[PDB]
Amino acid sequence: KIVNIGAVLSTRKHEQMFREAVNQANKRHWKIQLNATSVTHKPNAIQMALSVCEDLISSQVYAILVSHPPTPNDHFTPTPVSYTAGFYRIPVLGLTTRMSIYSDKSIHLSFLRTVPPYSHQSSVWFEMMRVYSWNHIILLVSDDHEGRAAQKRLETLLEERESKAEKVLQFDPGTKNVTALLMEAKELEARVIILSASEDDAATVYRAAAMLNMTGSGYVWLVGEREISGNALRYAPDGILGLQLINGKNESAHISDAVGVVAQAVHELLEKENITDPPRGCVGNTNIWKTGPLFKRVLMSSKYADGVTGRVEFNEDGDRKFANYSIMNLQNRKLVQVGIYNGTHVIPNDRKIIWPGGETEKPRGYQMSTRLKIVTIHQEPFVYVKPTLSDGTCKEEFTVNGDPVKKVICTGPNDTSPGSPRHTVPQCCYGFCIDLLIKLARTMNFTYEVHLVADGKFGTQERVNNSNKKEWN
Amino acid sequence: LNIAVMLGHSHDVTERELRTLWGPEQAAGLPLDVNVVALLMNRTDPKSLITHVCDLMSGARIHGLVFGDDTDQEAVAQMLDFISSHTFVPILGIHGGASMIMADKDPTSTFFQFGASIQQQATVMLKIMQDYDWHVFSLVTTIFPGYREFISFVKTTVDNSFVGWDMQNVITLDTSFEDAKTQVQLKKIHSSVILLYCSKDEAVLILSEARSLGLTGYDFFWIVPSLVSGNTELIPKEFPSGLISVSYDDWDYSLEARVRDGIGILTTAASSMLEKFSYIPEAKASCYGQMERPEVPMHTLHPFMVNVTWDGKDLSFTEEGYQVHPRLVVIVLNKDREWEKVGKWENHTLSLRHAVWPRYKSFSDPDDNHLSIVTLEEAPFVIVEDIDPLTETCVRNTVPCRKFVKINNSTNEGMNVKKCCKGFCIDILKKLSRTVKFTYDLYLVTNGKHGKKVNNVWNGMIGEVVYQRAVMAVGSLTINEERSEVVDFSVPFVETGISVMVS
Amino acid sequence: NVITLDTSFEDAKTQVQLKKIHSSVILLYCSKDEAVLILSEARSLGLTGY
């Protein structure tokens, strides 16, 4: 009967929240079954387990629940207690965290959350697609487990509905001269950019680009919530679309809903058969439960309708499905609530989007340049290549009937042999494709910027060294 | 100067003391006078980890941690990561939980382990798929973590290959105890050679249905990696014979060898230090204090752990810290349900195999559709080439054929060399494979060519008929009396007789 | 050739036979109550495709 529940907190009024929530669980939804245990955060990561083994595991705790910290942004990430649970595969609901390195059930066995990681924010941008009609994406990613998982859920949700991204760029955190990558940037057709990074990185980024003049009208910024924080709030342009997970920081409502989930979890465990008894000592135990995955399956398959937040159902990965989302805008450096989401249902607020460059009309990232890079291959008669004058200009000559031949400037190498230095030279050009593209000019309004082949060959797939990696030439 | 070894109870410290002094007697001494202490418990408890490792910090500032362990809780080794969060010390993971790598690493982590790596898992899997030519794939998965990643490696390593691995797409056993949704998927299985990335208890359920599926026939194949096999000493029943896995199972390697190996790696790091620097990164003050900083100003061993060679054996690392040439035992169960030695990888990432092809012999118990054919080189009924380096060994028309190759005339052993096979008769047999529709196997003759009464004892093709080394013989075999005396014949294939060639 | 559902309530020997099915158009000579069982398995067989 005696069921012990553990916790890690900051202020002891929330310990009182736990005790009176235990009494609520005694009340809401039939002998004697509950007792409460909690030990707060330590300043150290040194011992940790001594409180865990000697206090909570010694008291046969089924679940320890941990918020962030009293630093709210630190590297004080609640790692070690989860691993002490992982000695015996002990269920813990990550109350407040969003560091998705905890997300893998391989390394982090049974640590299921009421707060989604930043990963599902990725899917939010897909939601943005369906109202704001894009095709072409710019992605800027921190080299994390987190950023790569963001990439992967992006790619999967791209290739479930066959939308196809153009480029992905990578970032080491803390690097400062970024400028070539953002130029890189300014080369492309799309003007919709998504950032996934830390704060300082981003400021680093937000401020840096503003210089690179990418924040004016015709630009874009799809932004995660850590990038909507403090210093990131100070040096970004206004008008950036932002997000908040609704009810983000009052711990106590999530605490209460968590304890209620735990309570009916305990009762639905008591519904089953061959129920095993909880261990006390760490000294003398390496033995796993019989019922570890049974804890997991009861927490997975459970339903909780009338929480403070509403419905709490979990993923296959075991974190909340269909939670409420909000879109914000700093306009004149004040956040304005714009967007409302049950899980997928879209509501804009009637206060209108000042798009953060020019006018409040919705742009298109489909703008061309009409400067098209063409490459020609040395094949007569389809291509003739001849050198220029001493002017560097092209001669004026005739056809058979004497028409003036349309001739094209082409840059390329002189010494087109393998293993030789290659030297950029403008040279005069004849052939079909010139006349074809000039017909395409007078029909299609482009400019035409023509190169030779760097190799002087067509190009096929070969394997480079280690003999498995295919590349087109 | 200071290395500690912490182990569990098996072969003991006195011989390990001999191992440490012999490491000091073997090769290339650390100028650095290395003292090693090995100690023993049977706990895996974190209290022990705290106490013992902080005591190793106490005594003369030990800079190295050595752990081969013999229990089955895994993130225990990831427990040691918190040691890396507090001590920042290079740690070498050897057995047990220190071996079973799923461990994705901190950028701050210092762990170098001789366990399994999913990339190299899959590549050795695929070269097993190479040499025994099972070019149809079934790719049946569950949704544990890294298994999406297995799908990724499958898709990418197939697409990067010029082989033409001929696929079915990934079929995804979603949740547990579906039991009819499992049926919905598994009845869509329509191939011969089968790959599961699953768990232990799931594969229990899967093969329990698979006998009812009739996909446990003994012309099928089943190759599953280490995470289901794992404990070789614990043998569950419902697994049939012949199943194929890869793991680091010690049958040839002593503990003490790998002990000296890791210690030598530590000394190579010490030598790379005292080459490119001139001092020692001294250890932390204590465990229990938070005082000033954690700046690794002495630039800890991660650029120093790059290239380490011992004893003719390359023990370097990647950026991910995996091992470039690990040891990779390739294992099949036989009829007594014994996990036995089959394939070896110690040489330049290549595979060395016994070539015992069909060993699955109804463990889940008669079948005779394997047919034995041994033939001769007669153009253009038969042309034999060797193996071309053409990203594979499978040409559009050839079939491999095992020759016996002599060592010399004094040892008459023949090595089963796979060679490429062409001509009429093989095309005939492929048409027989599309009409008669069975499994067909080829060899080649050394003992004469066709057949000769050696005082009424046959050679050649005919001798291979008589003494039942083979059931079938094709050749461009001339059809004659004494041949018809012993064996039966098809309606004559092509027309011949005696002709005369002249200018 | 003829594939022969032998006795009643085999229920896995039926599976042994019916998983050998590799065709498109199907003929049963059965009874009422047998065809009940057979098509109940046949939805699970995935041979009730349309």
# chains A, B, ... in the order shown; residues from 1 in each chain; ligands from 1
>>> select_by_dssp(residues="stretch 180-326 of chain A", states="strand (DSSP E or B)", output="VMD selection string")
chain A and resid 193 to 196 222 to 223 241 to 245 313 to 314 320 to 321 325 to 326
>>> select_by_dssp(residues="chain C", states="helix (DSSP H, G or I)", output="VMD selection string")
chain C and resid 13 to 18 32 to 45
>>> interface_residues(of="chain B", to="chain A", cutoff="9 Å", atoms="only C-alpha atoms", output="PyMOL selection string")
chain B and resi 43-47+50+71-76+78-79+82+85-86+102-104+144-146+157+159-162+287-290+391
>>> interface_residues(of="chain B", to="chain C", cutoff="7 Å", atoms="only C-alpha atoms", output="PyMOL selection string")
chain B and resi 180+183-184+187+212-214
>>> write_last_selection(atoms="N, CA and C atoms", output="PDB file, in the first residue's frame")
ATOM      1  N   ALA B 180      -1.594  -9.210 -34.278  1.00  0.00           N
ATOM      2  CA  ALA B 180      -2.275  -9.372 -35.549  1.00  0.00           C
ATOM      3  C   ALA B 180      -1.893  -8.252 -36.496  1.00  0.00           C
ATOM      4  N   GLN B 183       0.960  -9.592 -37.761  1.00  0.00           N
ATOM      5  CA  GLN B 183       0.600 -10.484 -38.851  1.00  0.00           C
ATOM      6  C   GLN B 183       0.379  -9.707 -40.141  1.00  0.00           C
ATOM      7  N   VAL B 184      -0.301  -8.554 -40.039  1.00  0.00           N
ATOM      8  CA  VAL B 184      -0.528  -7.644 -41.164  1.00  0.00           C
ATOM      9  C   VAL B 184       0.783  -7.268 -41.826  1.00  0.00           C
ATOM     10  N   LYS B 187       3.072 -10.914 -42.986  1.00  0.00           N
ATOM     11  CA  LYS B 187       2.637 -11.654 -44.152  1.00  0.00           C
ATOM     12  C   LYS B 187       3.021 -10.948 -45.442  1.00  0.00           C
ATOM     13  N   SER B 212       5.267 -19.995 -37.100  1.00  0.00           N
ATOM     14  CA  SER B 212       3.911 -20.042 -37.620  1.00  0.00           C
ATOM     15  C   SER B 212       3.819 -19.329 -38.959  1.00  0.00           C
ATOM     16  N   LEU B 213       4.736 -18.404 -39.239  1.00  0.00           N
ATOM     17  CA  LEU B 213       4.788 -17.780 -40.550  1.00  0.00           C
ATOM     18  C   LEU B 213       5.257 -18.724 -41.632  1.00  0.00           C
ATOM     19  N   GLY B 214       5.968 -19.783 -41.272  1.00  0.00           N
ATOM     20  CA  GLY B 214       6.580 -20.605 -42.293  1.00  0.00           C
ATOM     21  C   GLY B 214       7.746 -19.909 -42.954  1.00  0.00           C
TER      22      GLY B 214
END
>>> residues_around(residues="residue B:166", least_positions_apart="2", cutoff="10 Å", atoms="only C-alpha atoms", output="ChimeraX atom specification")
/B:134-138,158,163-164,168-169
>>> residues_around(residues="stretch 335-350 of chain B", least_positions_apart="5", cutoff="10 Å", atoms="only C-alpha atoms", output="ChimeraX atom specification")
/B:120,123-124,127-128,229,232-233,235-237,239-246,249,251,313-314,324-330,355-356,359-363
>>> atom_distance(atom1="atom CA of residue B:25", atom2="atom CA of residue B:56")
24.4 Å
